[PDB]
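A short write-up of the structure that comes next.
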Amino acid sequence: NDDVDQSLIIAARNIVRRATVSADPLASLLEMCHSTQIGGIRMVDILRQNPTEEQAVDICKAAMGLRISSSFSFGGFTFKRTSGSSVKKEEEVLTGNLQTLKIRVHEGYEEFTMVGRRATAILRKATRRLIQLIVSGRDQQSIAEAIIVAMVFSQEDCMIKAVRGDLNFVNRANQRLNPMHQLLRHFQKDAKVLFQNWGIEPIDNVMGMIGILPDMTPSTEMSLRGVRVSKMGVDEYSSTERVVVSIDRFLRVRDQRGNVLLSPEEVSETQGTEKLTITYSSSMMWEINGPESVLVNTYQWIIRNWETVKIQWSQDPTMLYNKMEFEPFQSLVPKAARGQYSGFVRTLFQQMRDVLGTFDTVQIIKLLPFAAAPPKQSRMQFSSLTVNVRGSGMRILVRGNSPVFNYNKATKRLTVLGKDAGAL
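Residues in the sequence shown are numbered from 252 upward in steps of one, following the entry's author numbering.
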């Protein structure tokens, strides 16, 4: 139960992380979710049974047409609106650096329950204002994280005008973050100016409640405006409804009303160790076990599906070259010589078809991944073809064997960087 939940989080995150970089994240996510196994069982089956509420996991559930929490993730915290309501109002605001940010202001009194990985809090909010913030946490650092998220979430004018410099944050795919996430990522790096400009007020130590100061230290006497830290743990226990959600190509999970509940920006960067053995069968996830395993899995896949490849190679070669299974291999090839190696190898195959009785098989399986890229005019007679592993550029010789591709004709077995990789 617990080992399945933990491995499901680590599984789902790696898929959502990989999906964002792809040209069709939604399709890539489904391809990987339908192919991946976790401890013998399919992930497709796990997502139906398992009630694990997590950012990356719920994005997978949304993709397959399953219900998820009505709550939304912001700054890695799940916001459960226990009471109140609001209405949207799109407004432009100038930061401290005079940068205009178009933000959806929520007009109305609302009570939230922030649920974090290292912290918990009960937020009381009004229009462009924070009324109160009761907070628990493991350490003072985890408390500060929740405070910074709550200060940005309130959208106060002091928070906007505390910004210093230009906000140009981007995700893994080099795409600008929305105005609210621009503020989070700024203040998460450093927010001493925010804490200073927010405002301090005197407090009463009463309900096991203590203050917190701009330097992130405990204080019985005074505290930040609206912020109280409970010595004990915050009691919550409020079930959220499982609601139907729509999901677009960018993995932006939206509820019935049209609010973005989840996104790949909310998926945590933590990469835990796997309890149960996760088995990714998708070609996109050959990169997960390093560049070394990519070269192994590429030549394995060709050997496994050789009879199909051989028919394709002869008749429709453009179909073969444009397979998505050669994309991991092509990332390892140096960007300068990607099209040049493709042009070289695609000639060598043309000559093989032209001269008819020059059919090598070993040479084809060896060089076929280089032909995946769009070809370019090469001067030719490449002694070797560089393929960048971890830093070091291990080169594959055209004629004969190499450290990367070692085939012994006696054994009829392929060795790739020491490890075995199929047989014919």
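Quick reminder that beta carbons are idealized off the backbone N, C-alpha and C, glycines included.
For the pair residue 417 and residue 350, the CB atoms are nearer than the 8 Å cut-off. Going by DSSP, residue 671 is part of the beta strand (DSSP E) stretching over 670-674. For residue 288, DSSP records a beta bridge to 293, 530. Counting the other CB atoms within 10 Å of its CB gives residue 415 a total below 16, which places it among the exposed residues. Secondary structure of residue 498 (DSSP, three-state): strand. Contact annotation, residue 398 with residue 346: C-beta distance approximately 20 Å; criterion of less than 8 Å not satisfied. The straight-line gap separating the alpha-carbon atoms of residue 271 and residue 279 is approximately 9 Å. Residue 666 carries a strand assignment under DSSP once its states are collapsed to helix, strand and coil. For the set 332, 353, 453, 354, the Cα lying nearest the Cα of residue 374 is the one of 332. Runs of the alpha helix (DSSP H) lying entirely within the region 444-505, each at least 4 residues long, are absent.
In summary, residue 659 is exposed, with fewer than 16 beta-carbon neighbours lying within 10 Å of its beta-carbon over all protein chains present.
By the neighbour-count definition (other C-beta atoms within 10 Å, threshold 16), residue 620 is a buried residue. Counting only runs of at least 4 residues, the region 389-440 fully encloses the following alpha helix (DSSP H) elements, listed from N- to C-terminal order: 391-405, 408-412, 430-440. Under the 10 Å beta carbon count, residue 583 is surrounded by 16 or more other beta carbons and is classified as buried. Annotated three-state conformation of residue 316 is coil, per DSSP.
Look at residue 644 here: in three-state DSSP terms it is strand. A Cβ-Cβ distance of about 5 Å is found for the pair residue 580 and residue 549, placing them in contact under the 8 Å criterion.
Here residue 372 is bridged, per DSSP, to 365, 386.
Contact between the region 389-398 and the region 457-470 is established, with three or more Cβ pairs separated by less than 8 Å. The beta-carbon separation of residue 496 and residue 313, rounded to 5 Å, stays under the 8 Å limit for a contact. Judged by their CB atoms, residue 627 and residue 594 are nearer to each other than the 8 Å cut-off. For residue 617, the enclosing alpha helix (DSSP H) starts and ends at 613-618. As computed with DSSP, residue 335 is found in a beta bridge with 361. Look at the beta carbons and you see the region 423-430 not touching the region 303-321: under three pairs across the two are nearer than 8 Å. When C-alpha distances from residue 515 are compared across 327, 614, 585, 430, the shortest belongs to 327. DSSP places residue 635 in the uninterrupted beta strand (DSSP E) bounded by 635-639. Here residue 376 is not near residue 385, since their CB atoms are 8 Å or more apart.
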